[PDB]
């Protein structure tokens, strides 16, 4: 059977199933409804930055169609919806004046979700820093972001927290640090060689540090001011792709572990244990900021659950650790990516070149967090795969590779849960085909097809697979 034995009965009682979008990727109305620009508006409007010079001005127009989309997710038997609030839709300048029209949109969305029995899981931030804050403060390079983010978070808790009980602060701070400040391919386009300036060996670490301090400050505000009345929870969303040693050699096993530490440990060791991973301290040395004891105690325990975005896996080959002149966060790992093992690729690729279909990576990541970090509460906050551009409607809808992807990855998640992993929920990226950052509209991640000419929605086979799997 096409469900492969999966159903709600195959997962723990009260396990949460949802779909995911983010504000810039789906809302549209980017320069309307009072919204101020984000760093992604400026970036996407610059020729050459995004495939086809496309942008999120209109995107899927969820802003005007949200009741259609909520009706659809309910019809597909989902329990929850993960979405984000655009900071610059609430505060066009990032601080100061509130855009009441923006507040009204999120109130309307939240209220309709609840009316339809869908639980809102709300991200405060999903790459979309208000442009005014980048220009005035230097964005995530500035420790003042903790104060600025906390004041924004405070407003959201006050305004929506009587209804919203499941929050996340950030989405994939590793990717902001890596692409924004190491490689310089996402805004603010900083790197050692970059026109905008930068330093690939130092800035990624400063940025990650400020995300951690900002998360901790916002959670301290929630706990001290809002939690007693509202009785909700706040977590953070981290990307984790699996790393598997190429061989059982000491050197290859060490490489795979180094990669895990530089990838997920970078955030999880602070959040769970109150310190950066030892290997990062040892290799990055004075380029890695030091938490004061007080800061470390604020960061430790500051996530009520850990959101993991899980997509893929890589083989890692080792090498003798060397003394080297620092060049970048990426080079600091001292690991060697390799394509294959025993003559076989790790898996076939989806449309995105980085996305190898490797269902056992889901088990790898979840089991690893269980065993290393004291089995914290984890929510799989994204998992999915993409189709290419230029297909026909019918070709998009017959998404048999995505059906197989979800069946296989969910079977591997189930394996980890059955072995005792404390996973509370699972969210598919994405509800809808949408604006996929540098790929623009050339990458289709949705379980629902969006025609970008007419904006019509059409559920794909994978949407009906979920409807069947999730029937109550």
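Positions refer to the first chain, counted from 1.
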query: Between the two ranges 328-336 and 231-239, the one averaging a larger CA B factor in the entry; finding: 328-336
query: Of 369-377 and 339-347, the one with larger mean CA B-factor; finding: 339-347
query: Candidate set 412, 443, 60, 46 [ranked by C-alpha B-factor, highest]; finding: 46
query: Identity of residue with top Cα B-factor, from 110, 245, 385, 153; finding: 245
query: Lowest, middle or highest third - CA B-factor, residue 161; finding: middle
query: Record-listed C-alpha B factor of residue 462: chain third; finding: middle
query: Chain third (lowest, middle, highest) by recorded CA B-factor, residue given as residue 201; finding: highest
query: Cα B factor band for residue 363 (lowest, middle or highest third within the chain); finding: middle
query: Cα B factor band for residue 430 (lowest, middle or highest third within the chain); finding: lowest
